[PDB]
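Text of target_15.txt, listed as compact mmCIF, C-alpha atoms and all ligand atoms:
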```
# COMPACT_ATOMS: atom_id res chain seq x y z
CA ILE M 1 0.00 0.00 0.00
CA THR M 2 1.03 3.62 -0.44
CA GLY M 3 1.76 5.25 2.89
CA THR M 4 4.53 6.43 5.17
CA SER M 5 7.10 4.24 6.84
CA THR M 6 6.62 3.80 10.57
CA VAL M 7 8.02 1.71 13.45
CA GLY M 8 5.68 -0.41 15.55
CA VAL M 9 6.41 -2.53 18.59
CA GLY M 10 5.12 -5.92 19.61
CA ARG M 11 5.82 -9.33 21.07
CA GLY M 12 6.70 -12.48 19.19
CA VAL M 13 5.64 -16.10 19.72
CA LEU M 14 8.20 -16.62 22.52
CA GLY M 15 7.19 -13.46 24.37
CA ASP M 16 10.08 -11.26 23.32
CA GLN M 17 9.53 -7.59 22.51
CA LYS M 18 10.80 -6.26 19.19
CA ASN M 19 10.36 -3.29 16.89
CA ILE M 20 8.81 -3.88 13.46
CA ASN M 21 8.80 -1.78 10.29
CA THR M 22 5.25 -0.85 9.37
CA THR M 23 3.42 1.45 6.92
CA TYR M 24 0.76 3.97 7.95
CA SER M 25 -2.24 4.71 5.74
CA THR M 26 -5.37 4.88 7.96
CA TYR M 27 -4.20 1.61 9.56
CA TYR M 28 -0.69 0.49 10.38
CA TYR M 29 0.20 -2.39 8.06
CA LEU M 30 2.90 -5.05 8.31
CA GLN M 31 4.73 -3.60 5.33
CA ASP M 32 8.46 -2.92 5.78
CA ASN M 33 9.63 -0.45 3.14
CA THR M 34 13.23 -0.41 4.40
CA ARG M 35 14.27 -3.63 2.65
CA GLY M 36 14.20 -3.96 -1.12
CA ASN M 37 10.75 -3.66 -2.62
CA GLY M 38 9.20 -4.43 0.73
CA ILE M 39 8.40 -7.19 3.18
CA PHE M 40 4.66 -7.81 3.48
CA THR M 41 2.92 -9.97 6.10
CA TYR M 42 -0.65 -11.22 5.70
CA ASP M 43 -3.41 -12.75 7.86
CA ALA M 44 -4.75 -16.03 6.46
CA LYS M 45 -7.39 -16.01 9.27
CA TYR M 46 -7.25 -19.80 9.85
CA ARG M 47 -8.21 -20.45 6.22
CA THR M 48 -6.23 -21.85 3.31
CA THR M 49 -6.89 -19.11 0.75
CA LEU M 50 -3.68 -17.20 0.07
CA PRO M 51 -2.31 -14.72 0.76
CA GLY M 52 -5.24 -13.47 2.82
CA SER M 53 -5.29 -9.86 3.95
CA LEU M 54 -2.32 -7.53 4.38
CA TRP M 55 -2.01 -7.33 8.15
CA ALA M 56 -3.71 -4.17 9.45
CA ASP M 57 -3.52 -2.83 13.01
CA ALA M 58 -5.21 0.25 14.47
CA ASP M 59 -2.46 1.49 16.83
CA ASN M 60 0.95 0.15 15.69
CA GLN M 61 1.22 -1.99 18.87
CA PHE M 62 1.31 -5.75 18.31
CA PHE M 63 1.05 -7.31 21.79
CA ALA M 64 -2.04 -9.49 21.34
CA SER M 65 -1.64 -13.24 21.26
CA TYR M 66 -3.13 -13.27 17.75
CA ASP M 67 -0.42 -10.80 16.62
CA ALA M 68 2.59 -12.84 17.75
CA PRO M 69 3.04 -15.09 14.68
CA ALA M 70 2.77 -12.09 12.39
CA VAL M 71 5.36 -10.10 14.40
CA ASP M 72 7.88 -12.92 14.07
CA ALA M 73 7.23 -13.79 10.42
CA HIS M 74 7.70 -10.11 9.54
CA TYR M 75 10.75 -9.52 11.75
CA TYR M 76 12.59 -12.75 10.89
CA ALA M 77 12.00 -12.19 7.17
CA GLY M 78 13.83 -8.90 7.73
CA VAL M 79 16.74 -10.63 9.47
CA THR M 80 16.95 -13.17 6.65
CA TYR M 81 16.93 -10.40 4.02
CA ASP M 82 19.75 -8.70 5.93
CA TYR M 83 21.80 -11.90 6.06
CA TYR M 84 21.59 -12.46 2.31
CA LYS M 85 22.31 -8.79 1.52
CA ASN M 86 25.11 -8.18 4.05
CA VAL M 87 26.82 -11.57 3.85
CA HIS M 88 26.30 -12.64 0.23
CA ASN M 89 25.49 -9.37 -1.57
CA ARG M 90 22.15 -10.88 -2.65
CA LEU M 91 19.11 -8.57 -2.86
CA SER M 92 16.10 -10.64 -1.82
CA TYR M 93 15.37 -14.14 -3.06
CA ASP M 94 15.55 -13.29 -6.79
CA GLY M 95 18.63 -11.07 -6.51
CA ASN M 96 16.59 -8.05 -7.71
CA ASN M 97 14.80 -7.07 -4.49
CA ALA M 98 11.56 -8.99 -5.07
CA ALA M 99 8.91 -8.24 -2.49
CA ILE M 100 8.85 -10.84 0.27
CA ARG M 101 5.36 -12.02 1.22
CA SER M 102 4.35 -14.20 4.18
CA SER M 103 1.00 -15.41 5.50
CA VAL M 104 0.40 -16.51 9.09
CA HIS M 105 -2.54 -18.21 10.77
CA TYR M 106 -2.69 -20.61 7.82
CA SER M 107 -5.38 -23.30 8.34
CA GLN M 108 -6.26 -24.71 11.77
CA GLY M 109 -3.75 -26.55 13.94
CA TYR M 110 -1.36 -26.71 11.01
CA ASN M 111 1.97 -28.32 11.95
CA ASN M 112 4.08 -27.02 9.08
CA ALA M 113 5.36 -24.07 7.07
CA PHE M 114 6.26 -23.84 3.39
CA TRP M 115 7.12 -21.78 0.35
CA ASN M 116 4.26 -22.16 -2.13
CA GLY M 117 6.19 -20.96 -5.22
CA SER M 118 5.33 -17.31 -4.52
CA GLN M 119 5.27 -16.66 -0.75
CA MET M 120 5.98 -18.10 2.69
CA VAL M 121 3.15 -19.74 4.64
CA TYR M 122 3.12 -20.54 8.38
CA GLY M 123 0.80 -22.71 10.42
CA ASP M 124 0.01 -22.03 14.05
CA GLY M 125 0.69 -25.61 15.11
CA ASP M 126 -1.69 -27.69 17.18
CA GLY M 127 -0.15 -26.47 20.44
CA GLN M 128 1.36 -29.91 21.17
CA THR M 129 3.59 -30.80 18.20
CA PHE M 130 4.26 -27.12 17.40
CA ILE M 131 3.57 -23.57 18.48
CA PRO M 132 3.30 -21.03 15.65
CA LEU M 133 6.14 -21.87 13.32
CA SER M 134 7.27 -18.33 12.52
CA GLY M 135 8.62 -18.24 16.07
CA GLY M 136 11.67 -20.13 14.79
CA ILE M 137 14.24 -17.94 13.01
CA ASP M 138 15.77 -21.07 11.47
CA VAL M 139 12.31 -22.07 10.16
CA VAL M 140 11.68 -18.64 8.60
CA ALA M 141 15.12 -18.61 7.00
CA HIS M 142 14.66 -22.23 5.87
CA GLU M 143 11.49 -21.17 4.03
CA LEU M 144 12.94 -18.06 2.43
CA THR M 145 15.94 -20.11 1.36
CA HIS M 146 13.61 -22.36 -0.67
CA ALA M 147 12.79 -19.23 -2.71
CA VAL M 148 16.52 -18.54 -3.18
CA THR M 149 17.08 -22.12 -4.34
CA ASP M 150 14.11 -22.01 -6.71
CA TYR M 151 15.46 -18.83 -8.34
CA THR M 152 19.03 -20.18 -8.60
CA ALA M 153 19.95 -23.88 -8.76
CA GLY M 154 16.29 -24.87 -9.09
CA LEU M 155 16.82 -28.25 -7.41
CA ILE M 156 13.84 -30.52 -8.16
CA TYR M 157 11.97 -31.44 -4.96
CA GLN M 158 12.47 -35.21 -5.01
CA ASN M 159 15.17 -37.82 -4.39
CA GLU M 160 18.77 -36.59 -4.12
CA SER M 161 18.25 -33.17 -5.68
CA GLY M 162 15.37 -32.62 -3.27
CA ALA M 163 17.44 -33.70 -0.27
CA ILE M 164 20.08 -31.15 -1.36
CA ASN M 165 17.29 -28.57 -1.64
CA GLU M 166 16.24 -29.36 1.95
CA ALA M 167 19.79 -29.36 3.28
CA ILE M 168 20.48 -25.97 1.66
CA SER M 169 17.44 -24.60 3.54
CA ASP M 170 18.64 -26.15 6.84
CA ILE M 171 22.20 -24.88 6.30
CA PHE M 172 21.18 -21.29 5.58
CA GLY M 173 18.42 -21.41 8.18
CA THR M 174 21.13 -22.27 10.69
CA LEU M 175 23.57 -19.68 9.37
CA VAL M 176 20.84 -17.01 9.72
CA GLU M 177 20.20 -18.20 13.27
CA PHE M 178 23.91 -17.74 14.02
CA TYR M 179 23.87 -14.31 12.29
CA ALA M 180 21.11 -13.11 14.63
CA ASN M 181 23.12 -14.71 17.48
CA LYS M 182 20.25 -15.56 19.87
CA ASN M 183 20.63 -19.10 21.24
CA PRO M 184 22.19 -20.39 17.99
CA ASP M 185 22.69 -24.10 17.42
CA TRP M 186 22.92 -26.73 14.68
CA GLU M 187 19.40 -28.04 15.41
CA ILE M 188 16.32 -27.22 13.30
CA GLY M 189 13.07 -25.90 14.75
CA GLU M 190 13.88 -26.25 18.45
CA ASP M 191 12.20 -22.95 19.35
CA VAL M 192 8.74 -23.98 18.10
CA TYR M 193 8.74 -27.79 18.30
CA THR M 194 7.03 -29.67 21.16
CA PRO M 195 6.48 -27.02 23.83
CA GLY M 196 6.05 -29.78 26.39
CA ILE M 197 9.46 -31.43 25.73
CA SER M 198 12.75 -29.63 26.33
CA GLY M 199 15.91 -30.23 24.37
CA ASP M 200 14.47 -31.74 21.18
CA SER M 201 14.09 -30.44 17.63
CA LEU M 202 12.81 -31.50 14.20
CA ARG M 203 16.27 -32.39 12.88
CA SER M 204 19.87 -32.21 14.02
CA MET M 205 22.68 -31.26 11.62
CA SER M 206 25.37 -32.21 14.11
CA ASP M 207 23.88 -35.65 14.76
CA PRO M 208 21.09 -36.39 12.27
CA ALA M 209 20.67 -39.92 13.65
CA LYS M 210 19.35 -38.44 16.93
CA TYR M 211 16.00 -38.04 15.12
CA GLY M 212 16.36 -41.12 12.87
CA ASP M 213 17.90 -39.41 9.85
CA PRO M 214 20.92 -40.84 8.03
CA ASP M 215 24.43 -39.50 8.60
CA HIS M 216 26.12 -41.58 5.88
CA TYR M 217 25.23 -42.34 2.26
CA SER M 218 25.14 -46.07 3.06
CA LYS M 219 22.11 -45.34 5.28
CA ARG M 220 20.18 -43.32 2.71
CA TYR M 221 16.44 -43.82 2.30
CA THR M 222 15.43 -45.17 -1.10
CA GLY M 223 11.63 -45.43 -0.75
CA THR M 224 8.86 -43.12 -1.93
CA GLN M 225 7.67 -41.44 1.28
CA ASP M 226 8.45 -37.75 1.72
CA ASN M 227 9.19 -37.18 -1.99
CA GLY M 228 11.86 -39.86 -1.84
CA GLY M 229 13.15 -38.85 1.59
CA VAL M 230 13.91 -35.15 1.02
CA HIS M 231 13.71 -34.36 4.77
CA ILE M 232 15.44 -37.66 5.65
CA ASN M 233 18.41 -37.84 3.27
CA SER M 234 19.06 -34.13 3.91
CA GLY M 235 20.79 -35.47 7.03
CA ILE M 236 23.70 -36.77 4.96
CA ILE M 237 24.37 -33.30 3.49
CA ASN M 238 23.60 -31.51 6.76
CA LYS M 239 26.21 -33.67 8.47
CA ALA M 240 28.77 -32.89 5.76
CA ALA M 241 28.08 -29.15 6.14
CA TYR M 242 28.37 -29.40 9.95
CA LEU M 243 31.71 -31.19 9.57
CA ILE M 244 33.04 -28.61 7.11
CA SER M 245 32.26 -25.84 9.58
CA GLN M 246 32.97 -27.44 12.94
CA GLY M 247 35.23 -30.39 12.20
CA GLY M 248 35.12 -33.84 13.74
CA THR M 249 35.89 -37.50 13.18
CA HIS M 250 32.91 -39.37 11.76
CA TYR M 251 32.99 -43.09 10.89
CA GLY M 252 36.73 -42.85 11.42
CA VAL M 253 37.26 -39.99 8.92
CA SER M 254 38.72 -36.78 10.38
CA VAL M 255 37.64 -33.37 9.10
CA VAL M 256 39.42 -30.11 9.90
CA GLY M 257 36.77 -27.44 10.47
CA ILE M 258 36.95 -24.12 8.63
CA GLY M 259 34.12 -22.25 10.37
CA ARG M 260 30.61 -21.10 9.56
CA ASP M 261 31.49 -18.11 7.42
CA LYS M 262 33.53 -20.16 4.96
CA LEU M 263 30.89 -22.91 4.96
CA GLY M 264 28.35 -20.26 3.95
CA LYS M 265 30.57 -18.83 1.22
CA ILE M 266 31.29 -22.26 -0.27
CA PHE M 267 27.67 -23.42 -0.26
CA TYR M 268 26.30 -20.07 -1.48
CA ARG M 269 28.69 -20.19 -4.45
CA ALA M 270 27.83 -23.84 -5.12
CA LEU M 271 24.11 -23.04 -5.01
CA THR M 272 24.33 -20.02 -7.29
CA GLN M 273 27.10 -20.99 -9.75
CA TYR M 274 27.31 -24.79 -10.02
CA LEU M 275 24.23 -26.73 -8.92
CA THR M 276 21.46 -27.50 -11.42
CA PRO M 277 17.88 -28.75 -11.07
CA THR M 278 18.99 -32.41 -11.26
CA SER M 279 22.19 -32.33 -9.22
CA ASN M 280 22.80 -35.44 -7.13
CA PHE M 281 24.97 -35.79 -4.02
CA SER M 282 28.11 -36.65 -6.00
CA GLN M 283 27.56 -33.53 -8.11
CA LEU M 284 27.09 -31.44 -4.97
CA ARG M 285 30.48 -32.66 -3.73
CA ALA M 286 32.02 -31.60 -7.06
CA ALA M 287 30.25 -28.21 -6.90
CA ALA M 288 31.45 -27.61 -3.33
CA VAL M 289 35.03 -28.61 -4.22
CA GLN M 290 35.01 -26.25 -7.21
CA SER M 291 33.49 -23.43 -5.15
CA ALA M 292 36.13 -23.80 -2.46
CA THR M 293 38.79 -23.90 -5.19
CA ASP M 294 37.50 -20.62 -6.69
CA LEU M 295 37.42 -18.92 -3.29
CA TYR M 296 40.52 -20.29 -1.58
CA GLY M 297 42.72 -22.11 -4.11
CA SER M 298 43.11 -25.74 -5.13
CA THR M 299 45.82 -26.40 -2.50
CA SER M 300 43.90 -24.78 0.30
CA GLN M 301 42.77 -26.28 3.58
CA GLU M 302 39.22 -25.30 2.67
CA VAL M 303 39.26 -27.59 -0.39
CA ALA M 304 40.86 -30.39 1.63
CA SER M 305 38.20 -30.09 4.33
CA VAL M 306 35.33 -30.16 1.83
CA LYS M 307 36.72 -33.42 0.47
CA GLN M 308 37.18 -34.91 3.96
CA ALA M 309 33.60 -34.01 4.95
CA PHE M 310 32.05 -35.66 1.89
CA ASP M 311 34.35 -38.67 2.42
CA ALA M 312 33.13 -38.92 6.02
CA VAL M 313 29.50 -39.17 4.87
CA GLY M 314 30.28 -41.63 2.08
CA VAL M 315 29.71 -39.29 -0.87
CA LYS M 316 32.30 -39.52 -3.65
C1 LIG I 1 6.86 -32.00 10.52
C2 LIG I 1 7.33 -31.08 9.38
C3 LIG I 1 7.37 -29.65 9.89
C4 LIG I 1 8.69 -31.46 8.82
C5 LIG I 1 8.92 -31.11 7.34
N1 LIG I 1 8.88 -29.66 7.10
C6 LIG I 1 9.99 -28.91 7.28
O1 LIG I 1 11.04 -29.40 7.69
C7 LIG I 1 9.93 -27.42 6.99
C8 LIG I 1 9.50 -26.65 8.24
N2 LIG I 1 10.51 -26.80 9.30
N3 LIG I 1 8.82 -27.08 6.03
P1 LIG I 1 9.20 -27.27 4.34
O2 LIG I 1 10.46 -28.14 4.16
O3 LIG I 1 9.37 -25.94 3.66
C9 LIG I 1 7.70 -28.14 3.77
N4 LIG I 1 7.61 -27.90 2.32
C10 LIG I 1 7.07 -28.79 1.45
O4 LIG I 1 6.65 -29.89 1.76
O5 LIG I 1 6.98 -28.41 0.16
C11 LIG I 1 6.08 -29.07 -0.77
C12 LIG I 1 5.54 -28.01 -1.69
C13 LIG I 1 5.95 -27.99 -3.03
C14 LIG I 1 5.46 -27.00 -3.89
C15 LIG I 1 4.57 -26.02 -3.44
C16 LIG I 1 4.14 -26.05 -2.11
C17 LIG I 1 4.64 -27.02 -1.23
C18 LIG I 1 7.98 -31.82 6.33
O6 LIG I 1 7.24 -31.09 5.61
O7 LIG I 1 8.11 -33.07 6.29
CA CA I 2 -2.65 -3.16 17.97
CA CA I 3 18.43 -21.99 18.64
CA CA I 4 18.17 -23.92 15.37
CA CA I 5 10.43 -29.10 22.32
ZN ZN I 6 12.08 -27.28 3.44
```
For this file, produce the structure as structure tokens.
Ligand SMILES: CC(C)C[C@H](NC(=O)[C@H](CN)NP(=O)(O)CNC(=O)OCc1ccccc1)C(=O)O
Ligand SMILES: [Ca+2]
Ligand SMILES: [Ca+2]
Ligand SMILES: [Ca+2]
Ligand SMILES: [Ca+2]
Ligand SMILES: [Zn+2]
Amino acid sequence: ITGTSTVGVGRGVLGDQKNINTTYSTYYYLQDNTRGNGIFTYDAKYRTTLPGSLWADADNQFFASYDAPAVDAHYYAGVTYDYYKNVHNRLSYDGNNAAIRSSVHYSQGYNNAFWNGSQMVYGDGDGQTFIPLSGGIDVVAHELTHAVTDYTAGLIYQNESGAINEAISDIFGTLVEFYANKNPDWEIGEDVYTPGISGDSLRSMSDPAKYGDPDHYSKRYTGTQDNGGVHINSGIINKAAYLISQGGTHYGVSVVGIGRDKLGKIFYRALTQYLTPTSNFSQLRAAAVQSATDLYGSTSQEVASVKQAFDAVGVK
């Protein structure tokens, strides 16, 4: 909408107060004009029609329980935009400052979030498996990263290419969580998953097997569930990325860690310069090796560590 840029205040899903960029024109709307061509947050009103209504508020204060998922979807989309711009010199998901749209209160008791080809969509959860999913910065960044992937490598959402697609979203979701630097970890979704159980998460990148996901190619899933295991076999790539950053010895193979920032540079370059819609795990290894070679040189430690990490997870 046309209006003037304003700054509201509210509370997110976890009860934390934050400022949000809004737009005033009769109402105060969740429209942040400070980033690209805007970040826009919508109310789906417990229905499944999308996007719903651009979120309107009478007083620019967003402290109601119903407001909390919208506050966090809007704010964490901003953080994710900042990460891609400041760290990778990428302007929004398309690289040309496309408007970022999110809808909250999608459906009833909906235990998921997704990118629908055009926008982000967040359920509220059923209150037992999940609380509203936009409360997780890693979840928000995971979703926006699907848009980045779709505009760049275009990895098809099935089998190995789809597991790479998922892992890319977990990797950058985690790197955005570290960028914001509030309780960062290598787990996915811990802030919104199972409010009655402490210490768990949807997936672990450091130990995928903790939640039944493979941590070696020899343990990959080859059935048809979950689009051929896209959220299962992502564990093999997530583990490789964790090893590249943090190091470790895994199935007897030692990896010298190079840190998060270099992990992000290597995988961002692989995603945007080398991967294709049909890339498999072996091709991802080659893309990561080439990306590290471009950035750091063929004789570098960074190249050596990429190779060790893919060796450790059985990907040649
Ligand atoms: C229990 C759940 C929460 C685990 C997991 N979901 C996730 O890990 C993440 C949230 N953390 N959501 P996503 O990967 O973006 C789901 N996207 C999707 O299925 O696209 C399918 C799709 C394709 C095209 C258009 C629209 C949708 C699952 O869905 O199995
Ligand atoms: Ca209000
Ligand atoms: Ca965390
Ligand atoms: Ca996390
Ligand atoms: Ca929990
Ligand atoms: Zn995903």
**Message:** List the spatial neighbours of range 88-95 of chain M as a VMD selection string - criterion: any atom at most 6 Å away, all atoms listed in the file, same-chain residues fewer than 5 positions off excluded.
**Reply:** chain M and resid 81 147 to 148 151
**Asked** Which residue gives the smallest distance to residue 118 in chain M among M:51, M:80, M:233, M:131, with all atoms listed in the file counted?
**Response** M:51
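CA of residue 267 in chain M lies 20.2 Å from atom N3 of ligand LIG 1 (chain I).
Shortest atom-to-atom contact with residue 38 in chain M among M:70, M:77, M:295, M:7: M:77, counting all atoms listed in the file.
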Find the nearest atom pair between each residue of chain M and ligand CA 5 (chain I) for residues within 8 Å, count all atoms listed in the file, give distances in Å to one decimal, sort rows by chain and ascending number, and present the table as JSON lines.
```
{"residue": "M:190", "atom": "CA", "partner": "I:CA5", "partner_atom": "CA", "distance": 5.9}
{"residue": "M:191", "atom": "CA", "partner": "I:CA5", "partner_atom": "CA", "distance": 7.1}
{"residue": "M:192", "atom": "CA", "partner": "I:CA5", "partner_atom": "CA", "distance": 6.8}
{"residue": "M:193", "atom": "CA", "partner": "I:CA5", "partner_atom": "CA", "distance": 4.6}
{"residue": "M:194", "atom": "CA", "partner": "I:CA5", "partner_atom": "CA", "distance": 3.6}
{"residue": "M:195", "atom": "CA", "partner": "I:CA5", "partner_atom": "CA", "distance": 4.7}
{"residue": "M:196", "atom": "CA", "partner": "I:CA5", "partner_atom": "CA", "distance": 6.0}
{"residue": "M:197", "atom": "CA", "partner": "I:CA5", "partner_atom": "CA", "distance": 4.2}
{"residue": "M:198", "atom": "CA", "partner": "I:CA5", "partner_atom": "CA", "distance": 4.7}
{"residue": "M:199", "atom": "CA", "partner": "I:CA5", "partner_atom": "CA", "distance": 6.0}
{"residue": "M:200", "atom": "CA", "partner": "I:CA5", "partner_atom": "CA", "distance": 5.0}
{"residue": "M:201", "atom": "CA", "partner": "I:CA5", "partner_atom": "CA", "distance": 6.1}
```
Next, dump the selected residues to file, keeping only C-alpha atoms, as a PDB file, keeping the file's coordinate frame.
```pdb
ATOM      1  CA  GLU M 190      13.880 -26.250  18.450  1.00  0.00           C
ATOM      2  CA  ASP M 191      12.200 -22.950  19.350  1.00  0.00           C
ATOM      3  CA  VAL M 192       8.740 -23.980  18.100  1.00  0.00           C
ATOM      4  CA  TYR M 193       8.740 -27.790  18.300  1.00  0.00           C
ATOM      5  CA  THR M 194       7.030 -29.670  21.160  1.00  0.00           C
ATOM      6  CA  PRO M 195       6.480 -27.020  23.830  1.00  0.00           C
ATOM      7  CA  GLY M 196       6.050 -29.780  26.390  1.00  0.00           C
ATOM      8  CA  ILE M 197       9.460 -31.430  25.730  1.00  0.00           C
ATOM      9  CA  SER M 198      12.750 -29.630  26.330  1.00  0.00           C
ATOM     10  CA  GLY M 199      15.910 -30.230  24.370  1.00  0.00           C
ATOM     11  CA  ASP M 200      14.470 -31.740  21.180  1.00  0.00           C
ATOM     12  CA  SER M 201      14.090 -30.440  17.630  1.00  0.00           C
TER      13      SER M 201
END
```
**Request:** List the neighbours of residue 134 in chain M out to 6 Å using only C-alpha atoms; skip same-chain residues closer than 6 positions along the sequence, and give me the result as a PyMOL selection string.
**Result:** chain M and resi 69+72-73+140
**Request:** Considering all atoms listed in the file, return as a ChimeraX atom specification whatever protein or nucleic-acid residues lie within 10 Å of residue 254 in chain M, sequence-local ones (same chain, fewer than 2 positions apart) excluded.
**Result:** /M:243,247-252,256-257,305,308-309,311-312
Compute the set of protein, DNA and RNA residues whose minimum atom distance to ligand CA 2 (chain I) is at most 10 Å, using all atoms listed in the file, and state it as a PDB file with C-alpha atoms, keeping the file's coordinate frame.
```pdb
ATOM      1  CA  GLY M   8       5.680  -0.410  15.550  1.00  0.00           C
ATOM      2  CA  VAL M   9       6.410  -2.530  18.590  1.00  0.00           C
ATOM      3  CA  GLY M  10       5.120  -5.920  19.610  1.00  0.00           C
ATOM      4  CA  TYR M  27      -4.200   1.610   9.560  1.00  0.00           C
ATOM      5  CA  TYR M  28      -0.690   0.490  10.380  1.00  0.00           C
ATOM      6  CA  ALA M  56      -3.710  -4.170   9.450  1.00  0.00           C
ATOM      7  CA  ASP M  57      -3.520  -2.830  13.010  1.00  0.00           C
ATOM      8  CA  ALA M  58      -5.210   0.250  14.470  1.00  0.00           C
ATOM      9  CA  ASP M  59      -2.460   1.490  16.830  1.00  0.00           C
ATOM     10  CA  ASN M  60       0.950   0.150  15.690  1.00  0.00           C
ATOM     11  CA  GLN M  61       1.220  -1.990  18.870  1.00  0.00           C
ATOM     12  CA  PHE M  62       1.310  -5.750  18.310  1.00  0.00           C
ATOM     13  CA  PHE M  63       1.050  -7.310  21.790  1.00  0.00           C
ATOM     14  CA  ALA M  64      -2.040  -9.490  21.340  1.00  0.00           C
ATOM     15  CA  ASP M  67      -0.420 -10.800  16.620  1.00  0.00           C
TER      16      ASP M  67
END
```
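Selecting all polymer residues at most 9 Å from ligand CA 3 (chain I), using only C-alpha atoms and all ligand atoms, gives residues 136, 137, 138, 174, 177, 178, 181, 182, 183, 184, 185, 186, 187, 188, 189, 190 and 191 of chain M.
Among the candidates M:122, M:310, M:281, M:221, the residue lying nearest to ligand LIG 1 (chain I) is M:122 (atoms considered: all atoms listed in the file).
Every residue having at least one atom no farther than 7 Å from ligand ZN 6 (chain I) is included below, with all atoms listed in the file taken into account: residues 114, 142, 143, 146, 166 and 169 of chain M.
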Enumerate residues in contact with ligand LIG 1 (chain I): an atom-to-atom distance of at most 6 Å, counting all atoms listed in the file. Format the result as a PDB file with C-alpha atoms, keeping the file's coordinate frame.
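As a result, result24.pdb now contains:
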```
ATOM      1  CA  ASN M 111       1.970 -28.320  11.950  1.00  0.00           C
ATOM      2  CA  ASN M 112       4.080 -27.020   9.080  1.00  0.00           C
ATOM      3  CA  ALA M 113       5.360 -24.070   7.070  1.00  0.00           C
ATOM      4  CA  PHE M 114       6.260 -23.840   3.390  1.00  0.00           C
ATOM      5  CA  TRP M 115       7.120 -21.780   0.350  1.00  0.00           C
ATOM      6  CA  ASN M 116       4.260 -22.160  -2.130  1.00  0.00           C
ATOM      7  CA  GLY M 117       6.190 -20.960  -5.220  1.00  0.00           C
ATOM      8  CA  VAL M 139      12.310 -22.070  10.160  1.00  0.00           C
ATOM      9  CA  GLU M 143      11.490 -21.170   4.030  1.00  0.00           C
ATOM     10  CA  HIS M 231      13.710 -34.360   4.770  1.00  0.00           C
TER      11      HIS M 231
END
```
**Prompt:** Could you state the separation of CA of residue 232 in chain M and CA of residue 289 in chain M in Å, given to one decimal place?
**Reply:** 23.7 Å
**Item:** Nearest residue to ligand CA 4 (chain I) from the set M:16, M:261, M:43, M:170 (distances using all atoms listed in the file)
**Value:** M:170
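Note that the spacing between CA of residue 153 in chain M and CA of residue 236 in chain M amounts to 19.2 Å.
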Take range 290-299 of chain M, bring it up to N, CA, C and O atoms, and give me the output as a PDB file, in the coordinates of the input.
```
ATOM      1  N   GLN M 290      34.677 -27.303  -6.251  1.00  0.00           N
ATOM      2  CA  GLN M 290      35.010 -26.250  -7.210  1.00  0.00           C
ATOM      3  C   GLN M 290      34.806 -24.869  -6.590  1.00  0.00           C
ATOM      4  O   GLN M 290      35.629 -23.961  -6.787  1.00  0.00           O
ATOM      5  N   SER M 291      33.754 -24.715  -5.784  1.00  0.00           N
ATOM      6  CA  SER M 291      33.490 -23.430  -5.150  1.00  0.00           C
ATOM      7  C   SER M 291      34.595 -23.073  -4.180  1.00  0.00           C
ATOM      8  O   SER M 291      35.103 -21.943  -4.198  1.00  0.00           O
ATOM      9  N   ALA M 292      35.030 -24.041  -3.365  1.00  0.00           N
ATOM     10  CA  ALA M 292      36.130 -23.800  -2.460  1.00  0.00           C
ATOM     11  C   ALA M 292      37.430 -23.516  -3.215  1.00  0.00           C
ATOM     12  O   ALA M 292      38.245 -22.699  -2.769  1.00  0.00           O
ATOM     13  N   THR M 293      37.620 -24.162  -4.367  1.00  0.00           N
ATOM     14  CA  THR M 293      38.790 -23.900  -5.190  1.00  0.00           C
ATOM     15  C   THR M 293      38.771 -22.458  -5.706  1.00  0.00           C
ATOM     16  O   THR M 293      39.786 -21.752  -5.635  1.00  0.00           O
ATOM     17  N   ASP M 294      37.618 -21.999  -6.204  1.00  0.00           N
ATOM     18  CA  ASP M 294      37.500 -20.620  -6.690  1.00  0.00           C
ATOM     19  C   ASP M 294      37.829 -19.635  -5.577  1.00  0.00           C
ATOM     20  O   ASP M 294      38.503 -18.630  -5.804  1.00  0.00           O
ATOM     21  N   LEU M 295      37.332 -19.892  -4.372  1.00  0.00           N
ATOM     22  CA  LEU M 295      37.420 -18.920  -3.290  1.00  0.00           C
ATOM     23  C   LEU M 295      38.763 -18.936  -2.589  1.00  0.00           C
ATOM     24  O   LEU M 295      39.232 -17.869  -2.170  1.00  0.00           O
ATOM     25  N   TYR M 296      39.400 -20.108  -2.484  1.00  0.00           N
ATOM     26  CA  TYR M 296      40.520 -20.290  -1.580  1.00  0.00           C
ATOM     27  C   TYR M 296      41.732 -20.954  -2.202  1.00  0.00           C
ATOM     28  O   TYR M 296      42.814 -20.907  -1.596  1.00  0.00           O
ATOM     29  N   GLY M 297      41.608 -21.515  -3.395  1.00  0.00           N
ATOM     30  CA  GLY M 297      42.720 -22.110  -4.110  1.00  0.00           C
ATOM     31  C   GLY M 297      42.709 -23.619  -4.008  1.00  0.00           C
ATOM     32  O   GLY M 297      42.280 -24.193  -3.012  1.00  0.00           O
ATOM     33  N   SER M 298      43.187 -24.279  -5.060  1.00  0.00           N
ATOM     34  CA  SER M 298      43.110 -25.740  -5.130  1.00  0.00           C
ATOM     35  C   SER M 298      43.917 -26.442  -4.043  1.00  0.00           C
ATOM     36  O   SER M 298      43.579 -27.578  -3.665  1.00  0.00           O
ATOM     37  N   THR M 299      44.987 -25.814  -3.541  1.00  0.00           N
ATOM     38  CA  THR M 299      45.820 -26.400  -2.500  1.00  0.00           C
ATOM     39  C   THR M 299      45.411 -25.975  -1.114  1.00  0.00           C
ATOM     40  O   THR M 299      46.106 -26.267  -0.147  1.00  0.00           O
TER      41      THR M 299
END
```
